[PDB]
Every structure is written in C-alpha cells, then in structure tokens.
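Student: Handing you a structure now.
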Amino acid sequence: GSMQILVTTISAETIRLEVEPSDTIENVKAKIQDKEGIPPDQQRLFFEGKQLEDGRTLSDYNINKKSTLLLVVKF
Amino acid sequence: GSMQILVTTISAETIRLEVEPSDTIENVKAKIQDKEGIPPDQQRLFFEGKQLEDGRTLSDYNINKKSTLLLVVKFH
C-alpha cells in the first residue's frame with residue numbers, strides 16, 4: 001500500500017526449574033504453567049534440536065543439571 | 001539442589017503497519033497499541049541497530065517500503 005512496514009515483535013525470558021531426572025516432560029510442562037501460566041498443549045519443548053514429546057522422561061533425552069531447554073509460545 | 005534446569009522461553013510475531021513517511025515514531029508506537037495492545041512508552045523500537053526516538057519521523061532514519069523494524073517487548 002502507501003508504505004507497508006514489518007515489525008518484528010520479540011518477547012523473551014529465562015525460567016529456572018527444579019526438576020527430578022525421573023520427571024516426565026508432562027510434569028515439566030505442568031511446572032511451566034505454575035511459573036508463567038501457559039497450558040501444556042500449546043507449549044513446545046526442545047533440547048538438542050529434538051522436540052520433547054510426552055510419555056518419556058528427562059533421563060531419556062539425557063537432561064541433567066544446568067541444561068538449556070527451549071520453549072516456543074504464541075504472540 | 002537436586003537438578004536445576006534453564007528454560008529459554010521465546011515468543012515472536014511480525015506486525016504489518018501501513019504508515020506515511022511523514023509519521024513520527026510516537027504515531028507508529030500508537031499504531032502498535034491498536035494492533036497488539038501494548039502502551040507506547042513501554043515499547044522499544046529499533047532500525048539498523050539505532051533505537052528509534054518518539055520525536056523523529058520515519059524519513060529521518062530513512063525507512064521506506066519493505067523495511068524491517070524491531071520491537072522488543074517485556075515478558076508479561
């Protein structure tokens with residue numbers, strides 16, 4: 001149109017979570033809901049590029065102390 | 001204690017804005033409030049690394065058609 005401009009809107013935060021190696025990623029998503037207020041269904045967890053899927057644990061993906069996890073959310 | 005992991009929470013979206021080259025940054029910030037719902041003083045605008053100031057126009061920073069602007073917004 002007249003002059004169409006693009007605005008790259010960014011929002012970012014780093015949340016620390018006290019978890020057990022026995023904790024399922026379902027339980028990890030539940031801990032994020034208490035900390036921020038995002039439902040587990042719309043949450044997308046990542047580690048080493050691989051999308052963390054429910055039914056498995058943090059030990060299965062070999063996640064230990066001081067591990068960087070990636071959470072991608074809407075708007 | 002037992003195991004303390006870090007979760008890098010990211011949220012991103014691109015907003016399309018019909019603006020005039022005569023428009024000031026305070027007017028562009030007002031247009032973002034209508035599109036998303038963020039107050040103009042709590043939003044930081046950028047172009048070519050330089051932080052865009054409320055007083056100056058889009059012509060002053062040489063912003064034209066198909067220009068990518070950066071808006072950094074608070075967590076929640």
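Student: Please state which one of A:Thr14, A:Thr68 is facing another protein chain (nearest Cβ under 8 Å), under 30 Å from B:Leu52 (Cα atoms) and surrounded by fewer than 14 Cβ atoms within 10 Å (Cβ to Cβ). So that I can check it myself, show each step before the final result.
Tutor: Values: A:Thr68 fails: under 30 Å from B:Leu52 (Cα atoms).
When all the criteria are applied, what remains is A:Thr14.
Student: Name every residue in region B:53-65 that is in contact (Cβ under 8 Å) with a residue 24 or more places away in the chain and either of a type in the set (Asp, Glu) or within 11 Å of chain A (Cβ to nearest Cβ) (or both), in order of residue number. Walk me through how you get there before you give the answer.
Tutor: First, pick out the residues of region B:53-65 that are in contact (Cβ under 8 Å) with a residue 24 or more places away in the chain: B:53-59, B:63-64.
Within region B:53-65, B:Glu53, B:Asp54, B:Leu58, B:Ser59, B:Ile63, B:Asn64 meet the criteria.
Student: Of the residues B:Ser59, B:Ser22, B:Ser11, which single one is hydroxyl-bearing (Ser, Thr, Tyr) and not in a loop (DSSP other than H, G, I, E, B)? Quick ask: steps written out before the conclusion?
Tutor: Numbers: B:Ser59 fails: not in a loop (DSSP other than H, G, I, E, B); B:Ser22 fails: not in a loop (DSSP other than H, G, I, E, B).
None of the others qualify; the one that does is B:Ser11.
Student: Take the conditions facing chain B (nearest Cβ under 8 Å) and out of contact with any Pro (no Cβ under 8 Å at 6 or more places or on another chain) and apply them to A:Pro21. Does it pass?
Tutor: On the way: facing chain B (nearest Cβ under 8 Å): yes; out of contact with any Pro (no Cβ under 8 Å at 6 or more places or on another chain): yes.
Criteria met by A:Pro21.
Student: If A:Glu36 meets every condition in (1) surrounded by fewer than 14 Cβ atoms within 10 Å (Cβ to Cβ); (2) within 11 Å of another protein chain (Cβ to nearest Cβ) apart from one, which number is that one?
Tutor: A:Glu36 satisfies all of (1) surrounded by fewer than 14 Cβ atoms within 10 Å (Cβ to Cβ); (2) within 11 Å of another protein chain (Cβ to nearest Cβ) except (1).
Student: Test B:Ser22 against the stated conditions and say whether it is among the small types (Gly, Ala, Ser) and over 30 Å from A:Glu36 (Cβ atoms). First the steps, then the outcome.
Tutor: Details: among the small types (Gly, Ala, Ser): yes; over 30 Å from A:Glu36 (Cβ atoms): yes.
So B:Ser22 fits the description; yes.
Student: What residue, of A:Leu6, A:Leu17, is under 19 Å from B:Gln4 (Cβ atoms) and either part of a strand (DSSP E or B) or without any contact (Cβ under 8 Å) to a residue 60 or more places away in the chain (or both)? Reasoning before the result, please.
Tutor: Values: A:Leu6 fails: under 19 Å from B:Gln4 (Cβ atoms).
Sole residue among the options that is under 19 Å from B:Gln4 (Cβ atoms) and either part of a strand (DSSP E or B) or without any contact (Cβ under 8 Å) to a residue 60 or more places away in the chain (or both): A:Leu17.
Student: Here's a follow-up. Looking at A:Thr24, A:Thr68, which one is hydroxyl-bearing (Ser, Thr, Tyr) and either out of contact with any strand residue (DSSP E or B) (no Cβ under 9 Å at 6 or more places or on another chain) or within 30 Å of B:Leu45 (Cα to Cα) (or both)?
Tutor: Working: A:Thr24 fails: either out of contact with any strand residue (DSSP E or B) (no Cβ under 9 Å at 6 or more places or on another chain) or within 30 Å of B:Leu45 (Cα to Cα) (or both).
Just a single option satisfies the conditions, and that option is A:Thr68.
Residues are listed down the side, and each one gets a yes or a no for (1) in contact with a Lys or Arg (Cβ under 8 Å, 6 or more places away or on another chain); (2) of a type in the set (D, E, K, R):
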site: A:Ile5; (1), (2): yes, no
site: A:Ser11; (1), (2): yes, no
site: A:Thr14; (1), (2): no, no
site: A:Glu26; (1), (2): no, yes
site: A:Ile38; (1), (2): no, no
site: A:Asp41; (1), (2): no, yes
site: A:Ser59; (1), (2): no, no
site: A:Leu70; (1), (2): no, no
site: A:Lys74; (1), (2): no, yes
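Neighbour counts run over all protein chains shown; Cβ positions are idealised from the backbone, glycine included. Here, each number is a calculation from the coordinates, and none is a lab measurement.
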